[PDB]
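Each remark here refers to the structure printed beneath this line.
Chain nomenclature is as follows: A, B, C, D, E, F and G, assigned in order of appearance, with residue numbering initiated at 1 for each chain independently.
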Amino acid sequence: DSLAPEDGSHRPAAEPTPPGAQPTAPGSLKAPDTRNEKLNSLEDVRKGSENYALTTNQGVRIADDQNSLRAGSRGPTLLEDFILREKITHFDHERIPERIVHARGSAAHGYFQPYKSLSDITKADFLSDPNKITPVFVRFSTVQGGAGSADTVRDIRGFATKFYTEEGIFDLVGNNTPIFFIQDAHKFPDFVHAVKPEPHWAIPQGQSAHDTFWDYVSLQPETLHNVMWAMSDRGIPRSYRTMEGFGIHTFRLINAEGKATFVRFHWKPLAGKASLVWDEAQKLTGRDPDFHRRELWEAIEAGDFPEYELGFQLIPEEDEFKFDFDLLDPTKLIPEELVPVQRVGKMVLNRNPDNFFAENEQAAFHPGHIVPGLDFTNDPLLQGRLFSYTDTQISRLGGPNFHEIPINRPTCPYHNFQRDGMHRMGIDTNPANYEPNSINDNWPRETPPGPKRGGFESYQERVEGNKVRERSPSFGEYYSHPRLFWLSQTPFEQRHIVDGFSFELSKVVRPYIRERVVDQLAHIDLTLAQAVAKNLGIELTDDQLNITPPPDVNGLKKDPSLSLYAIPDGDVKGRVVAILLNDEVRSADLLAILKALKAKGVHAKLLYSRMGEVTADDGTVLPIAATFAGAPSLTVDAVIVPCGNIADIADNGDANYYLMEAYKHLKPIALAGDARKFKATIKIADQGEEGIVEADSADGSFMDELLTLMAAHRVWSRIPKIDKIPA
Amino acid sequence: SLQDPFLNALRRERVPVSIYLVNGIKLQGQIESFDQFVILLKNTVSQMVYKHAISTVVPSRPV
Amino acid sequence: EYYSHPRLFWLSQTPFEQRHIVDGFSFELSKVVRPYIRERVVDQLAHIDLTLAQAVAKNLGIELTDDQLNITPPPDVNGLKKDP
Amino acid sequence: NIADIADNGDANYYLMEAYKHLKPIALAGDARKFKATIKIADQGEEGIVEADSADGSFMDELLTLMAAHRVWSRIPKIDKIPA
Amino acid sequence: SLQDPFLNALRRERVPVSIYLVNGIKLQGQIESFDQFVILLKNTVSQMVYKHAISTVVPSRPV
Amino acid sequence: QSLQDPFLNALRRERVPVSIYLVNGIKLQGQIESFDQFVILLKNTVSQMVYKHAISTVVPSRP
Amino acid sequence: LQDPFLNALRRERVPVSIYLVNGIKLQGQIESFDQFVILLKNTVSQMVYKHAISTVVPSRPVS
């Protein structure tokens, strides 16, 4: 008589299975066959549990884990209860400091491989051979919110990849936009305080829609470019799988001859680009604040590995000055029209972690963890970052020995004369702890730099100037990049940007700030400032109306790479559809629905007014995954409503609103047979409407129209029609 | 043979394509015309793409 | 003793308050993925009050058994039938 | 100018959500035409304060609904509204 | 020629395949059509793949 | 119907600056000096000869 | 020469290492060939193009 169910339904299948199918589970039990050298190196610190006795941390078996030791069944607890003291103590000290920023984050394991050797341009060992597989750990994140904030907030996303290479750890620590907010790291804390909750009262959580953030923006137009991206649909992604990733700074590649090439790094999503819309995103933070962390986890269990393609923008040394902005200014993007992104290799994220604290929470990414073959530039934001990511570990992860924490451990050799941290794991046997040393024949030894397996050596850049605290004049341009961004966007994308600003700005309490931000917008584009100013109830003045727009960027009038939806590359594999059930589903409808979806890798969740089962018209038993309220349209890409006893749900508030919300958020909707009577609620015509798939029954045609709407991600053409619906 | 009807429809329909090249670059735009050997892709300027250098041509939606 | 206090609580509540309690359990329980857990929680509710367990079990699509339907409610608390 | 907001998705849903969450609602003059969205009768309904204009009576009925916190009697009627 | 008997098989069997490009990318789907120069690969849309840019074809099950 | 010859001729004739992306991704700049079936002469500051089998794409700096 | 050499490996059913143009090293045994492709076996049978092959290396000598 043990407490597990007799039929074994406590324990999930060790098999790729869809979202909702099984309980979720630590990667090593859900996917024991997936391996790589990092994950196998972790074996020495994994701990199982089955068929083991419960014990104190010192090895003692425990007989009663239900009670304190007391003088009598009703007496005081005694101080000699060391079992209770240890158990409580450990609990008492469970928590460690959250990250200063990107505290909220979700990770996975995986690997990378280059498409071709890159030894022409860099000696980076991990890029030397397309047969060389490099294990990676990746953590995606928000920026502002605490470790327990929501996933779908309007924020920048972080995208950090730790490469466990054969010649050291390389950390690629990037974001989901190609620029940053600020130019010099010295104002880092200023900006971060400005967007972080306000100090007197700790409000708002994971939001920029407050007074101080915009106050800052309005006084530092350097921020405006990235603020643009934030306000766009870019700042509210569908999935960590459906965003682009950027290294932001220009770095250097260095080859075996010592030739430097400037580079900026990119991650390009094989899943394509896709993002939510605001109302959907905002309300989803309430309905499932773990939406991204969840979707990532499930996508992986489900076999839908997130894949990204590592690409380089490369710029030769003698081109440093050909662009009319500065390559070292991190608030400027390099348009792909001027420098295209060359795909170099690919990363696959193919297994979840076992313990979220152990592996995610404690991981330490730092951009200055580079390897031979790479080097820095004078980007004055990058310069700063170098300092901070080592420092902060000392209090986050408790000391200098954070590289000994399992997930952070290199997978190549590491030896030196560094001794003695807090929580030191390694026990050095070297008779010497210094060099030069004769007593251990100077081991371990320096290694001269070389083609492969060499010492690190910095590129010998010429430095000429005086010791000054002064912004480069070449950084003094703020508007042409925002403008470029804005004119690259589709019309509906621009409505969103407008509504983005209007919403945020409307929660700035001190109205003079609203005006000052509008004033900034005037310098970027007058359409934009008009639309926003209308929505805030502001009249642009004559002065403002006449403001000259900034120059084209190097003669560019737009760059299609900056739009999410310019050239849809939306991909349905991994997406999810809601199927609204009634007690009497027409089975051959449903057969055809699930069969079609399954063929293109699209997941379904069957929903009803309650849990349990319903039966088909042919007596197939249909298990319910959640109720209408339990799994709102927010959480799905489309809604399908098959035929049957429509009378069952026809007057159900929740089923109707499921459709109304779905419609307002521009999602595809498919109604078979009598389900078409739901058109009434969505105030649709009897003639039909684009984006509403309809028919006597679900067939070849019905499903294909639907899936094709899905390849378009959203039904943009619906926008004009949604303001009348009240959802 | 196949290239021709496929390319021809993309153009005639003015549907956005992506063109992935052997060098790992991805070009995007609308197909303006083609050739025994090349394709013209419209964007800000038109540009000449040598077929021997293209690896895949990917429509943004069904034809 | 585990049940008489829950029972006391429950019978002190207004009818609309009890709908809420019911819907509370039903909502939470519906996001427990492993259904045997849903059943076991329902079983506990049976020992507190049968109205309550029926309403919740309906919403989860569970049939209380004969065994469950007959479960004797716990004692009043010191002769109390409710506390406002 | 009820015409201004009468067909506004957001103003209507403001009322629909408010109604589903059992909150007091008070509509003066032409604002009574919003009863249509909340699928309320023309006869009136307990919890919806209504009148030609806001006066002594109108406000007091409202504040008194507020002293009751919520309109519990509404519960049976809310499952039909889709909010 | 061995190309075509094999490609035809994969087409009529609507078997899922993995096309590996010389540039080292991997493509996926079902073979819709082919000639001396291209392969049409079916998924959501069709995509034109130049055989000169293809290095290896791998089926998701032997045929 | 050749397009590559009119296209390249127009570029040279107008002495308009171009970008030539090679098959390994490298950007070349210049004006077309003259051409072949097989090569292009790219006049930059020095006249250099570029094999066409190594060219991916050719990009005018204006219409 | 190509056919004396391939047939010998096929008939002796010897393990070979096929290096491609990107740098990738494939392995297994040669089941059949063509003017254009090779079929390599190990777990699954896969179809490699000759235009993508750089070198075939025998694991051991043949006549």
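Operating definition for what follows: a residue touches a chain if its C-beta (ideal position, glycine included) is under 8 Å from a C-beta of that chain, and two chains touch if they have at least 3 such contacts.
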Distance in touch steps, counted as few as possible, from chain B out to chain G:
2
Between the pairs A-B and A-G, the one where more C-beta pairs touch:
A-B
Computed distance of Cα centres, chain F from chain B, in Å
19
As a quick test, compute the distance in whole Å between the mean CA positions of chain C and chain E.
60
For chain A paired with chain E, centre-to-centre distance based on mean C-alpha positions, whole Å:
33
For chain A paired with chain C, centre-to-centre distance based on mean C-alpha positions, whole Å:
41
Got the chain A residues that touch at least 2 other chains?
115-116, 130, 340, 342-343, 708, 711
For chain G, which residues are shared contacts with two or more other chains?
22, 24
Note: in the complex, chain D contacts chain A through residues 7-13, 16, 20, 37, 78-83
Chain B contact footprint on chain F (complex, rising order):
1-4, 7-8, 21-25, 52-53, 55-63
Chain D contacts chain C in the complex at 72, 75
Sites on chain G touched by chain A in the complex
22-25
Going by the contact rule at the top, pick out the chain E residues touching chain B in the complex.
21-23, 25, 27, 33-38, 40, 44-50, 52-54
